[PDB]
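Engineer: Sequence first, structure after, both from an experimental entry:
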Amino acid sequence: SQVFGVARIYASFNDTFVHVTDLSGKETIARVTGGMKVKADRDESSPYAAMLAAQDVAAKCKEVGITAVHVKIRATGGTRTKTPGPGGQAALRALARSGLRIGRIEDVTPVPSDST
Amino acid sequence: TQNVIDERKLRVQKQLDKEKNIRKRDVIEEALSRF
Amino acid sequence: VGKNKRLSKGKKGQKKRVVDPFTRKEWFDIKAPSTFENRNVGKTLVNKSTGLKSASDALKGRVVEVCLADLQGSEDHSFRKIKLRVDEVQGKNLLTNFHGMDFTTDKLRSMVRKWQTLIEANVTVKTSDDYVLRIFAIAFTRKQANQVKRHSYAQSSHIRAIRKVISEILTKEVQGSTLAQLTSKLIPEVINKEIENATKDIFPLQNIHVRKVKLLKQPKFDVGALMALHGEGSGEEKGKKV
Amino acid sequence: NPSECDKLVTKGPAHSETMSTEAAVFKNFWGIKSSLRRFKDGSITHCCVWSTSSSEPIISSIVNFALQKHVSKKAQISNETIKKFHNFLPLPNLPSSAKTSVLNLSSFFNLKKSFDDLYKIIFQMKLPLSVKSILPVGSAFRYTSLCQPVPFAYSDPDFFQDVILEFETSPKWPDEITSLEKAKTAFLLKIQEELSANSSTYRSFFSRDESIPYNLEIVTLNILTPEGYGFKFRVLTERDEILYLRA
Amino acid sequence: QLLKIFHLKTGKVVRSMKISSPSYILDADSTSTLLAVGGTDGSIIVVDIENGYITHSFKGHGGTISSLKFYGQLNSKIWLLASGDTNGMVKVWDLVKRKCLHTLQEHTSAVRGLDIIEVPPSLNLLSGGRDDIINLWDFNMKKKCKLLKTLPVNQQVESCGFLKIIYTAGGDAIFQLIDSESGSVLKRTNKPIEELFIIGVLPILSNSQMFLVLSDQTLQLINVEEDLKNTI
Amino acid sequence: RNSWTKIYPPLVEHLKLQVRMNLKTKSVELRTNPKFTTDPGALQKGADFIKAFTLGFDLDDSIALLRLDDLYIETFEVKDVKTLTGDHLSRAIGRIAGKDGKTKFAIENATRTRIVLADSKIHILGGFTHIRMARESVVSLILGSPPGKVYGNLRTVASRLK
Amino acid sequence: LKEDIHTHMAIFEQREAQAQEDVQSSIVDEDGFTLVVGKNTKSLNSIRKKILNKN
RNA sequence: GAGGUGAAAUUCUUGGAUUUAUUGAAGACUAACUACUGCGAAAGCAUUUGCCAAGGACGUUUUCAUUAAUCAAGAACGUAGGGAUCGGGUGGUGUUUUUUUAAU
């Protein structure tokens, strides 16, 4: 018997977010960023920064009790890159390694229908 | 455009060979045929 | 970030150290409607069941976007995730109902290619209940067998005919049904084959899908009807011993 | 209020350490039949359980106790109309159905659960022209059977509920009514053949119909399910009403 | 990664094991040489601490595992284990026959804080929870039954029962003393002006002094053996 | 299908997992076997391996993503910068490809990375700061610069590489 | 009823197919004329009763 | 902590910034389909549906009978050959199609 969170891995520019939520979407669990692990302000979008960020999220979520994670990668959307950078795959590799069962990898990046 | 004309020649060749192969070639299911 | 960066006049406001909320949170599990199989879809944190913004009414608004392969156990539709609105909380089990449906975007982004034209349709239709749906439909031109030309384009006066007949027949398929019946006829993907059978006369029409059902107005609660969609239940005694 | 008219517990005030005035009111009002219970969510509430019954509503026993505790201990409550034609409904031979209420529909819901089992089995098989929509139309499915459907009840004429199924809109249906009804018998023969092939725990037997007149060849099948219920399957086609309009 | 440091002048890592799940509850015996640790899946290993390695596995359970307790009197032949849970249950194991003694599914949240004693094998136990129910049981060796529930209004964390037969409870920074066989809070500390609550009770000098480690990083002393013979 | 004989042995006997080429939805699904497969990130590495191969890099490049796991794969578009109407888009992809692939191979051998480019969307795989160097050189060239100037800039970036 | 549906379908598809080809090649009228049939129509009785209904 | 860059910085943020979810409002635009394809006198023109008129090609054993072209002034708007494709028509004769509801 396993229970499921939802990753919502944000592969932004100049930053990376990982925060697993229970699969409604309200009760977020352990928001981390790329900034709050590294100390340089130059590579707060580092793949290594996202790696240990996802490691700390995996530790806190195993502490709470969720074992599998439906993972959803979101790029910055809008009229911008529309496609995950390197930090998304870095966090994905990290929390796929770190003892956490992974389900239903997707892409929830917004598409504009030709906005401004 | 050369690649387009080449792909059309490939498709015409494939269709001529397919037509050549086409030209050279229980009770309840008998009642339940034709569907 | 670190120690050498900045204080930035926002860290002077002090931190309000620890609340440890996961010792206070509470686990519920979700029961999907009985049109599907495997109605247990997972668990949800809420809050502690106290008064003054209680749990049973801080609940009952949310949605969950579960996958249809996770509901049916069959990987033939790994796409087409649905959204269940949690509606009636009843004894640790969130009884939910249907709220929407959408394709995972990789499926349609791999379906659409060039050298074919795609058709869209969408109607606002009331069911036999008082739900109203902006139900959608996507369609694609089939490259006919024994074709030669690369194009396979629709004449754009066939497009009005295909869109008219597809809006007419799925308007009929909604209006002759209730919402539970609409889910139980949308799950084994049968209005797609109905569109293809009733529309293969005009054009060859590669794979048809519906890809979106958006609810826009809900009738009422009808607690008894929602309990009828799952199974009955009567919460009764536990021993006092004091 | 007919929604919670027969709710078998009455949740009064919540429990705390400081016993509030409404808790004292509830204690002094009920007394010997009040209690404080935990419900399944975890909260603690003063309440009163009520052994429900089929020949009564529980409001009878509630007004009986709440008058014989307050107005007089000899004021006799007399009613017999409710007890007389509240059990003119046939008492369905179920587990504890005399103890259950009358707004309970669990026999209908058990029948629909067996129907969902048959529904999944009849979908995930394979036909030469697969099922478009199978849907029930029966009296138990509209909750208006006279007796509540108990499993294995053969002799009730409202036993065999009718489910209809419509196939895909295929143009290859034949023209006249005797041949298309015979093709409907062919499809039913196919599905009962595969049903006895793969799912031996069910059973099937055919039945002539006569309610639609002047075509003696309308055949249904009837599924006897291992849960204990039977179903009468009728195939509908798109050609039927235009055949009748042609006639 | 489980480790043990011998506290004596050899402060080296004596034994080091690779446990299965990241665990968050440990308890050693009232005696020495028994250490029980259960992960965040269902697995409660117990370890003899002298020659440190696994002496029992106890797959057994379901969900992540809440607090637990030993039953230890020196030179006995009983040696039970308590084994709380997150989905509310208490599944008591022994250690002399490796068997599930009694399965008990009755609670509604995480079963924190359970305690085992005997009063003349009687062996009454008591299991609190994040729900407000402390729910003591008779717990015979062969077949068991239930007695009173006596319902404190807290969120009880480490309900150290059976003081001098009087229970404790903490979980709102409120140390409630409750009589047994009937219900009355009789000693209860001052509720503070924070929101932070009791993480842990700790018995000193054979259940006579009480350490109280808070959700805040503070730790208080109570002196139950004076303030029970004392009100507040 | 033509590279399937070289794809699956680094998915079976070198790396421990198992493959299926599903003709149902024309995809590739990868299971990990609980009995003997080590390396709990090998499923993710093999998935990203076939993802790079189906995305457009060659199979030796995808094997270079499989081994030496710290090489990631960035992707962006022509349409984000300067909005690139179709004639200018043809100028853009012809300018990035050069003549006989020579400017693309120059960026490839310079910044220790490997790129591929579709009609409007390009992909660069390598190490992360080499991705950033190649991306800034590509976005300067797609803004439109003399190739001699971008050759000199890549001489300076290769001097940073040494 | 299995042998009944076998025999009834066996004679019905035969008479349907022969009526279909009979209306699909019914070119000769006795005075020079060629009957317009329309595509994939199955019966001379069908087009006859259709042209009676379209009055 | 968020932003932002080659690094920064400014700014925002414990009155909860970024992120998450449920919505609601506002204007603009019509992602992929998109091509050496379509239209318009030209600039330009891409969501659906309806109305209002117009236009082009084709079809034609229909009518009028030189009504044509070219532009100041003025006016409105701003050398021969072959393949493929789009729109229309004719003929052929296989699969898609289907059959007494209409259509083609």
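Structural biologist: In hand now; what should we look at? Residues are numbered from 1 along each chain as shown, chains lettered A, B, ... in the order given.

Engineer: For chain F, give the residue positioned nearest to chain C.
Structural biologist: Using CB to the nearest CB, the single residue of chain F nearest to chain C is residue F:24, 7.4 Å away. The C-beta positions use only the backbone N, C-alpha and C, and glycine is treated the same way.

Engineer: swap that for chain B, sorry
Structural biologist: For chain B, CB to the nearest CB, closest residue to chain C: residue B:11, 5.6 Å.

Engineer: Going by secondary structure, that residue is in what exactly?
Structural biologist: helix B:2-24 (DSSP states H and E).

Engineer: near chain G, anything from the next helix or strand after that helix?
Structural biologist: Later in the chain than helix B:2-24, the nearest helix or strand by DSSP H and E is helix B:27-31. Yes. If you take CB under 8 Å from any CB of the partner chain as the test, helix B:27-31 does meet chain G, through B:27, B:28, B:30, B:31.

Engineer: hang on, the earlier thing: next one: the residue of chain F closest to chain C from chain G, what distance?
Structural biologist: 35 Å (CB to the nearest CB, to the nearest Å).

Engineer: for the chain, longest helix please?
Structural biologist: Using chain A here. Once chain A is assigned using DSSP state H, the helix that runs over the most residues is helix A:47-64.

Engineer: ah, no, chain C please
Structural biologist: Per DSSP H, chain C has its longest helix at helix C:159-175.

Engineer: Show me which residues of chain E sit near chain D.
Structural biologist: Going by CB under 8 Å from any CB, the residues of chain E near chain D are E:108, E:109, E:131, E:132, E:133, E:151, E:153, E:185.

Engineer: Now, of these, which are buried?
Structural biologist: E:108, E:109, E:131, E:132, E:133, E:151, E:153 (16 or more other CB atoms under 10 Å in any protein chain shown).

Engineer: Including secondary structure, could those go into TSV?
Structural biologist: Shown next, in TSV, are these (DSSP: H, G, I helix; E, B strand; the rest coil):
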residue	secondary structure
E:108	coil
E:109	coil
E:131	coil
E:132	coil
E:133	coil
E:151	coil
E:153	coil
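
Engineer: Which one of these is nearest to residue D:26?
Structural biologist: residue E:151 (16.8 Å; CB to CB).

Engineer: how about the nearest residue to the closest one, chain neighbours excluded?
Structural biologist: Closest residue in space to residue E:151, ignoring its immediate chain neighbours: residue C:242 at 5.5 Å, by CB to CB, 6 or more residues apart in numbering or on different chains.

Engineer: same deal with residue F:55?
Structural biologist: residue F:123 (5.9 Å).

Engineer: Enumerate every residue touching that neighbour.
Structural biologist: F:55, F:56, F:57, F:73, F:74, F:75, F:115, F:116, F:117 (CB atoms under 8 Å, 6 or more residues apart in numbering or on different chains).

Engineer: repeat that with 6 Å
Structural biologist: F:55, F:75, F:116 (CB atoms under 6 Å, 6 or more residues apart in numbering or on different chains).

Engineer: Could you dump the residues you listed into a markdown table with secondary structure added?
Structural biologist: Listed next are these as a markdown table, based on three-state DSSP:
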| residue | secondary structure |
| --- | --- |
| F:55 | helix |
| F:75 | strand |
| F:116 | strand |
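
Engineer: who wins for neighbours among those?
Structural biologist: With neighbours taken as other CB atoms under 10 Å in any protein chain shown, the top of those is residue F:75, carrying 20 neighbours.

Engineer: and it, what are its bridge partners?
Structural biologist: residue F:123 (DSSP bridges).

Engineer: ok, now how distant is it from residue C:107?
Structural biologist: Separation of residue F:75 from residue C:107 (CB to CB, to the nearest Å): 19 Å.

Engineer: quick one, what contacts residue B:35?
Structural biologist: Contacts of residue B:35 (CB under 6 Å, 6+ apart): D:128, D:129, D:172.

Engineer: try it again with 8 Å
Structural biologist: Residue B:35 touches D:128, D:129, D:170, D:172, counting by CB under 8 Å, 6+ apart.

Engineer: Ok, residue C:194 next?
Structural biologist: Taking CB under 8 Å, 6+ apart, one finds C:169, C:173, D:132, D:168, D:169 in contact with residue C:194.

Engineer: give me the element it is part of.
Structural biologist: helix C:190-199.

Engineer: Helices of the chain, residue ranges please.
Structural biologist: The chain I'm using is chain A. Taking DSSP H as the criterion, chain A carries its helices at A:47-64, A:86-97.

Engineer: oops, chain C please
Structural biologist: According to DSSP H, the helices that chain C contains are C:55-58, C:68-72, C:105-111, C:159-175, C:179-186, C:190-199, C:223-228.

Engineer: any idea how far residue D:66 is from residue D:74?
Structural biologist: Taking CB to CB, one finds residue D:74 at 15 Å from residue D:66.

Engineer: higher neighbour count, those two?
Structural biologist: residue D:66 (14 against 6).

Engineer: Does chain C have contacts with the helix or strand that contains the more buried one?
Structural biologist: Element membership of residue D:66, judged by DSSP H and E, is helix D:58-68. No. Legend: contact between helix D:58-68 and chain C by CB under 8 Å from any CB is lacking; minimum distance shown is 11.8 Å.

Engineer: same question, stretch B:13-25
Structural biologist: Yes. Stretch B:13-25 lies within reach of chain C by CB under 8 Å from any CB, at B:15, B:18, B:19.

Engineer: what's the burial count for the last one?
Structural biologist: By other CB under 10 Å, 11 other residues sit near residue B:19.

Engineer: From residue B:13, how far off is it?
Structural biologist: 11 Å.
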